[PDB]
Participant: 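Pasting in a structure now, in structure tokens, and then I'll have a few things to ask.
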Amino acid sequence: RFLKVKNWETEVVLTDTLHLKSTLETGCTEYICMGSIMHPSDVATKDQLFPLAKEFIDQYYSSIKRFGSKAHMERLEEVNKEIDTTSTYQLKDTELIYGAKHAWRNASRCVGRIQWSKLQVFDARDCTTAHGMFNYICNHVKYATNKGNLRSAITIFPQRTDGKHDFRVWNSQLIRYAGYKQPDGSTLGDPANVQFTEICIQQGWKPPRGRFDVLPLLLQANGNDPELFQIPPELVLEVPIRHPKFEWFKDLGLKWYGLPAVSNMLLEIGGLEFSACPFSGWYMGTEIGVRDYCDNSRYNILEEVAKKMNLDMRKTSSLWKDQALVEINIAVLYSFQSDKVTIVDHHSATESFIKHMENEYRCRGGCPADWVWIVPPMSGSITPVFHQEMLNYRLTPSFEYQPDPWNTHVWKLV
Amino acid sequence: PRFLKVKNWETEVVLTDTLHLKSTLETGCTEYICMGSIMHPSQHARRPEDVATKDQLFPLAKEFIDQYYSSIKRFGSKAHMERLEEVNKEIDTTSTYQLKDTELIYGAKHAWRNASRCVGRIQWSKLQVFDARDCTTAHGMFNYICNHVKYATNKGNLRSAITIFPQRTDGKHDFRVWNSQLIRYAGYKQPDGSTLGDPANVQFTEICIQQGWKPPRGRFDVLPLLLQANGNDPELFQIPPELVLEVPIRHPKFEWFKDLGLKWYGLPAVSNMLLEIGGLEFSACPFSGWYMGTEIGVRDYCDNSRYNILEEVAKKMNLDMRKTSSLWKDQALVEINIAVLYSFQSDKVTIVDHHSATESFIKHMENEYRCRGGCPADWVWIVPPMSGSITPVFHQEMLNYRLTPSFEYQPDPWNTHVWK
Ligand code: HEM
Ligand code: HEM
Ligand SMILES: C[C@H](O)[C@H](O)[C@H]1CNc2nc(N)[nH]c(=O)c2N1
Ligand SMILES: C[C@H](O)[C@H](O)[C@H]1CNc2nc(N)[nH]c(=O)c2N1
Ligand SMILES: CNCCCc1cc(C)cc(N)n1
Ligand SMILES: CNCCCc1cc(C)cc(N)n1
Ligand SMILES: [Zn+2]
């Protein structure tokens, strides 16, 4: 069986055979599409783990042209031994690297996947304490930041065992700014992080109470209560935002951090669950300029920018929001480029994704892709992905969402 | 199971959908694959190829009549049972049946109500329905369409309307409007290789010329109507220009913008879709409303395989066009959409910006969840093609499913018509 996808701007048609390899739910049914649901909705038994592990080992030995080899059969046998005796198993280094890259390659919501095979994998499965996690994460940040010449990386902590000894980074990203609700109902800093800021303050963090306080790391090892650590400031690269034409823009006092690093997701490889696996790349400009700065629930600077632009803010149909949004996004890109911090604009990024997508169809039989997430949050139809049909399905290895740790952790102190 | 929630991530409002339990045909998606960005994911239809047997048509007829009599707090009433028996005899003796005027109006309005790709549906029950089922010729079709266009245009105070020509019978006698919209501009393949006018319409424009249309060969030549009645060869008709309201595009600050010489028509009137009610297929059912500005200014003017005028606007704005990261395309894109909205509003032609339209749709969703238990919506199509996330629909989860009556796509008639 085959499925065709068409680009309505170029008329190119690609043929997806890879979707036959999926085996997890999309959330949709034959009569309902849930393609726009954010999350369409504790450990595997021995019998469940066996075929998951086999499927992965089979896929890895196939990836390296060794399917059916004596080394393939011996690995299968070895894995079955571990599951039988210990109810789990341990990946080889080569399998871990392969699995981490393919979770990225399989990430249907990610437009930056042309880069998937250039991922630096840091094996942290020997870590046992939150201090050790802090060390590993500092090394990751320093390596990935590379003085502005950003390099993709992931650090992988010990896999889940019984579910009572999970490793977790409680932060949603490694570097994010604090948010403080004020008595008058206003918000200082990032409104998205108000809740996590409260948790930190409660654990003993002394907040500077400013607009751009880098949050501390809150790190949990082996199921223990999480612990606070301050990332050394010299490892946090930041970019002050200015505009190439509006000299007043710098007077907004805006800045952002250079390294985007998701730390709250779960990496599944061969049925094993890596609940702490922070990974980092580099920014597409609209992530900061459209969402981070201009979401109503975020920094929400459209009004102030539009005021300084003297826009007619009485009618929506003046498109003052649209005009201000573009300029903010110009500033963001000009600022990172001036400081020689890696960043990609949404036009360049989506153009590379189409080339990546077509290469994937040729060499792999397809490329699962989430149009709802791939299309940038501004100027959608002037990017090539808008006109690109895409098929969404779930391949494993994969990155998965997981409950926030403060909703499931049971505390131990006092 | 028997309820699905959708969340708005800006407001945290959650809505609970039970209406999807009434969905009739396949979305194309499965457990394992989502086809939500496929233009035509499914060929699942309610009636086969053409002239159905009794056991194929009657169950669909009964379902629609049942739904209509339930809608008006009857069901099982005397008139409902007689209507069932009347449709039964009509199918028995003609292999089809005829809708009452009330059923036809109910069906048209509910096809619009069920149109998951339409952001305009808060207006769904305010639709003027012109019954053109007595039409027999392309000349009569022309007369019906002129009246529709004049009524709908209403000197700029646009009014939504649909004109419904006779239903399909055996599939060799279809009524068709060959135009994709009642009013579009021609597109001309130039000798060097470029394209003059609207590149979307090059094929249709060439069919028209091949049918004896004499093209003025300009950038905004209103195409003729190409009308097909009762399966005969289609015939060309020129819409009287006084019925075709147009808006010259100017900009409220760039005085040079008018010198671009751009304009657009006021009336968007889709004429290539198929209206399905109770198993009956109306292959010619032109419907019109009024524009959301982005439809002209983002897609019509700025798509690559359309008018592609970002280039010119950008030069005149003196933007840096060396690299993409200057966002010169984004910047010109905004100015063009400002001009369009300013131009329509200045001439008092109905138009809605994408901020107002998406706000109305969120309110329409809330209304529909409250009274109907759900609202089918296609996020891929509802979210505007610019500034997506500063509109409220971007942050609104939506469920998509296929309710009947409905508007369906159908093949372009020149791929299927056997000429005489
Ligand atoms: C290298 C440059 C990269 C770029 C430009 C990029 C870009 C993006 C963008 C724009 C999104 C949408 C995120 C949002 O709007 O919140 C995204 C999502 C995602 N990316 Fe990439 N990314 C990059 C690297 C990576 C790497 C290295 C990984 C994993 C090793 C990764 C995995 C993911 C995943 C799992 C998501 C989905 C996150 C979610 O659903 O919340 N990406 N990426
Ligand atoms: C009254 C104001 C209306 C507005 C502002 C509006 C807006 C829109 C927009 C922006 C689209 C996306 C189409 C595109 O981007 O090409 C659309 C699609 C659609 N609308 Fe509405 N619409 C209106 C009236 C109507 C009416 C009166 C009907 C039917 C009686 C209708 C039925 C549909 C259908 C069936 C589609 C899908 C068409 C397709 O897939 O090509 N709309 N509408
Ligand atoms: C591939 C993609 O589905 C296709 O280009 C769609 C996307 N969303 C759209 N949305 C609207 N309103 N109009 C369109 O033509 C499209 N095109
Ligand atoms: C409701 C909707 O699914 C939600 O707002 C999505 C839409 N598309 C997105 N696309 C990206 N890249 N990031 C997002 O957070 C979202 N949010
Ligand atoms: C959930 N989205 C937040 C940030 C997503 C992301 C991740 C990565 C690795 C790079 C990037 N540019 N963006
Ligand atoms: C492919 N759709 C083109 C036109 C869509 C449309 C239809 C109607 C009735 C109104 C509107 N504002 N837009
Ligand atoms: Zn789907």
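Letters A, B, ... mirror the listed sequences (proteins, then strands); counts begin at 1. All values below come from the heavy atoms of this structure, side chains included, with hydrogens, waters and symmetry mates left out.
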Participant: Between the main-chain N or O of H354(B) and the side-chain N or O of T358(B), is there a donor-acceptor pair closer than 3.5 Å?
Facilitator: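 Judged by distance alone, yes, a pair lies under 3.5 Å.
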
Participant: Indicate every side-chain donor-acceptor pair of residues 122-129 of chain B with a distance under 3.5 Å to a residue at least two apart or in another chain.
Facilitator:
none

Participant: Can you tell me which residue pairs pass the salt bridge (charged side-chain N to carboxylate O under 4.0 Å, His left out) test with a partner in residues 332-347 of chain B, sequence neighbours excluded?
Facilitator: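 Found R250(B)-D347(B).
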
Participant: Taking the side chain from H347(A) and the backbone from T383(A), do they hold a donor-acceptor pair closer than 3.5 Å?
Facilitator: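 Between the backbone of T383(A) and the side chain of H347(A) there is no qualifying donor-acceptor contact (under 3.5 Å).
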
Participant: Among side-chain atoms of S288(B) and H148(B), is any donor-acceptor pair under 3.5 angstrom?
Facilitator: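 Judged by distance alone, the side chains do pair up.
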
Participant: Between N415(B) and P411(B) (side chain of the first, backbone of the second, donor and acceptor by atom type, cut-off under 3.5 Å), is there such a pair?
Facilitator: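 Checking the backbone N and O of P411(B) against the side chain of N415(B), no donor-acceptor pair under 3.5 Å is found.
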
Participant: Strictly by modelled atom types, are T316(A) and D353(B) linked by a side-chain donor-acceptor pair under 3.5 Å?
Facilitator: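 Looking only at side-chain atoms, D353(B) and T316(A) do form a donor-acceptor pair, the distance falling under 3.5 Å.
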
Participant: Would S283(B) and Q410(B) count as a side-chain hydrogen bond (donor to acceptor under 3.5 Å, both in side chains) if you check the C-alpha gap in whole Å, the side-chain angles of each, and the deciding distance to 0.1 Å?
Facilitator: CA-CA 8 Å; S283(B) 41; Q410(B) 70 188 318; 4.9 Å; no

Participant: Run the salt-bridge test on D233(B) and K420(B) with the 4.0 Å N-O cut-off and return the result as yes or no.
Facilitator: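 No.
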
Participant: With sequence neighbours excluded, what pairs up with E311(B) under the salt bridge (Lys or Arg N to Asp or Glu O under 4.0 Å) test?
Facilitator: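 None.
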
Participant: Charged N to carboxylate O under 4.0 angstrom, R402(B) versus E408(B)?
Facilitator: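 Yes, this pair counts.
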
Participant: Keeping to residues at least two apart or across chains, list the salt bridge (charged side-chain N to carboxylate O under 4.0 Å, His left out) pairs with something in residues 109-119 of chain B.
Facilitator: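 Sorted pair list: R113(B)-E368(B), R117(B)-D378(B).
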
Participant: With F204(B), which residues qualify under ring pair (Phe, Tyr, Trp, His ring centres under 6.0 Å), at least two apart?
Facilitator: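 Partners of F204(B) by the ring pair (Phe, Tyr, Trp, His ring centres under 6.0 Å) criterion come out as none, since no residue qualifies.
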
Participant: Return the orientation label for the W8(A) and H40(B) ring planes: parallel under 30°, perpendicular over 60°, tilted otherwise.
Facilitator: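 The arrangement is perpendicular - the two ring planes meet at more than 60°.
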
Participant: For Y151(B), does the six-membered ring have the charged nitrogen or CZ of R159(B) within the cation-pi criterion, i.e. under 6.0 angstrom from the centroid and within 45° of the normal?
Facilitator: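 The answer is yes, since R159(B) meets both limits relative to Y151(B).
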
Participant: How would you list, by chain and number, every residue that makes a side-chain contact (heavy atoms from CB on, under 4.5 Å) with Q228(B), sequence neighbours excluded?
Facilitator: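 Result, side-chain contact (heavy atoms from CB on, under 4.5 Å) vs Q228(B): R176(B), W178(B), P234(B), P413(B), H417(B).
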
Participant: Sequence neighbours left out, what pairs pass salt bridge (charged side-chain N to carboxylate O under 4.0 Å, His left out) with at least one residue falling in residues 205-224 of chain B?
Facilitator: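 Listed by first then second residue: nothing to list.
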
Participant: Donor-acceptor check, side chain of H110(B) to backbone of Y106(B), threshold 3.5 angstrom: yes or no?
Facilitator: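 Between the backbone of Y106(B) and the side chain of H110(B) there is a qualifying donor-acceptor contact (under 3.5 Å).
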
Participant: Sequence neighbours left out, what passes side-chain contact (heavy atoms from CB on, under 4.5 Å) with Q238(B)? Give chain and number order.
Facilitator: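 In terms of side-chain contact (heavy atoms from CB on, under 4.5 Å), with neighbours along the sequence ignored, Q238(B) is linked to no residue.
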
Participant: Quick test of your reading of the model: are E389(A) and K6(A) salt-bridged, counting only N-O distances below 4.0 Å?
Facilitator: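 No salt bridge links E389(A) with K6(A).
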
Participant: Hey, which of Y185(B), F344(B), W290(B) is the one that makes ring pair (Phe, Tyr, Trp, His ring centres under 6.0 Å) with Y265(B)?
Facilitator: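 Exactly one pass, corresponding to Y185(B).
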
Participant: Return yes if some donor-acceptor pair links the side-chain N/O of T94(B) with the main-chain N/O of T96(B) below 3.5 Å, else return no.
Facilitator: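 Looks like yes, one N/O pair under 3.5 Å.
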
Participant: Assess whether atom CD of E242(B) is packed by more than 12 heavy atoms of other residues, nucleotides or ligands within 6.0 Å.
Facilitator: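 Yes, enclosed.
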
Participant: Do you know which of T163(B), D134(B), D131(B) makes side-chain hydrogen bond (donor to acceptor under 3.5 Å, both in side chains) with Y144(B)?
Facilitator: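 Of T163(B), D134(B), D131(B), side-chain hydrogen bond (donor to acceptor under 3.5 Å, both in side chains) with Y144(B) is met by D134(B) alone.
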
Participant: Checking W371(A) now: which residues fulfil ring pair (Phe, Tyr, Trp, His ring centres under 6.0 Å) with it, not counting sequence neighbours?
Facilitator: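 For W371(A) the ring pair (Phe, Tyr, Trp, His ring centres under 6.0 Å) partners, ignoring immediate neighbours, are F386(A).
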
Participant: Please check if the side chain of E235(B) supplies one atom and the backbone of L226(B) the other of a donor-acceptor pair under 3.5 Å.
Facilitator: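 Here the side-chain-to-backbone pair does not exist.
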
Participant: If we ignore hydrogens and angles and just use 3.5 Å, is the side chain of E358(A) paired with the main-chain N or O of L14(A) as donor and acceptor?
Facilitator: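 No.
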
Participant: Is the backbone of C118(B) close enough, under 3.5 Å, to the side chain of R121(B) for a donor and an acceptor to pair up by distance?
Facilitator: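 Side chain of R121(B) to backbone of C118(B): a pair is present.
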
Participant: Check each of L225(B), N179(B), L227(B) against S271(B) using the side-chain contact (heavy atoms from CB on, under 4.5 Å) test, and report the only one that passes.
Facilitator: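 When side-chain contact (heavy atoms from CB on, under 4.5 Å) is applied between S271(B) and each of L225(B), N179(B), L227(B), only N179(B) qualifies.
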
Participant: Has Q190(B) got more than 12 heavy atoms of other residues, nucleotides or ligands less than 6.0 Å from its CD?
Facilitator: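 Yes, CD of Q190(B) has more than 12 neighbouring heavy atoms, counting only those of other groups under 6.0 Å.
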
Participant: Would you check, one step at a time, whether the test ring pair (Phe, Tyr, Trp, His ring centres under 6.0 Å) holds for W264(B) with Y301(B)?
Facilitator: CA-CA 10 Å; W264(B) 206 254; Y301(B) 277 178; 5.4 Å; yes

Participant: Kindly say whether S387(B) contributes a backbone atom to a donor-acceptor pair with the side chain of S379(A) at under 3.5 angstrom?
Facilitator: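 Pair absent, no side-chain N/O of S379(A) close to backbone of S387(B).
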
Participant: So that I know where these two stand, are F287(B) and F407(B) an aromatic pair - ring centroids less than 6.0 Å apart?
Facilitator: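 Centroid separation for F287(B) and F407(B): below 6.0 Å.
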
Participant: Compare all side-chain heavy atoms of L3(A) with those of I38(B) and state whether any distance is below 4.5 angstrom.
Facilitator: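 They are not in side-chain contact.
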
Participant: Hey, does the side chain of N400(B) reach the backbone of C33(A) with a donor-acceptor pair shorter than 3.5 angstrom?
Facilitator: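 No, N400(B) side chain to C33(A) backbone: no donor-acceptor pair under 3.5 Å.
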
Participant: Please indicate whether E255(B) has more than 12 foreign heavy atoms, meaning atoms of other residues, nucleotides or ligands, lying under 6.0 Å from its CD.
Facilitator: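 No, because the 6.0 Å sphere around CD of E255(B) holds 12 heavy atoms or fewer from other groups.
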
Participant: Near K323(B) NZ, under 6.0 Å, is it more than 12 heavy atoms from other residues, nucleotides or ligands?
Facilitator: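 Buried by this count: over 12 neighbours within 6.0 Å.
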
Participant: Under the rule for ring pair (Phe, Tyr, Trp, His ring centres under 6.0 Å), what residues qualify as partners of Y188(B), not counting sequence neighbours?
Facilitator: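 Ring pair (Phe, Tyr, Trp, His ring centres under 6.0 Å) list for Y188(B), sorted by chain: empty.
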
Participant: Indicate every side-chain donor-acceptor pair of residues 313-322 of chain B with a distance under 3.5 Å to a residue at least two apart or in another chain.
Facilitator:
unit_1: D320(B); atom_1: OD1; unit_2: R322(B); atom_2: N; d: 2.9

Participant: Apply ring pair (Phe, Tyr, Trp, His ring centres under 6.0 Å) to residues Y307(B) and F220(B) and explain how you reach the verdict.
Facilitator: CA-CA 11 Å; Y307(B) 269 81; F220(B) 297 106; 5.5 Å; yes

Participant: Sorted by first residue and then second, give each salt bridge (charged side-chain N to carboxylate O under 4.0 Å, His left out) pair with at least one member in residues 295-307 of chain B; sequence neighbours left out.
Facilitator: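 Every pair satisfying salt bridge (charged side-chain N to carboxylate O under 4.0 Å, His left out) with a residue in residues 295-307 of chain B: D198(B)-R306(B), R299(B)-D303(B), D300(B)-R306(B).
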
Participant: Please test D101(B) against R133(B) for salt bridge (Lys or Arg N to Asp or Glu O under 4.0 Å), starting from the C-alpha separation and ending with a verdict.
Facilitator: CA-CA 10 Å; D101(B) 293 24; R133(B) 290 176 297 167; 3.6 Å; yes

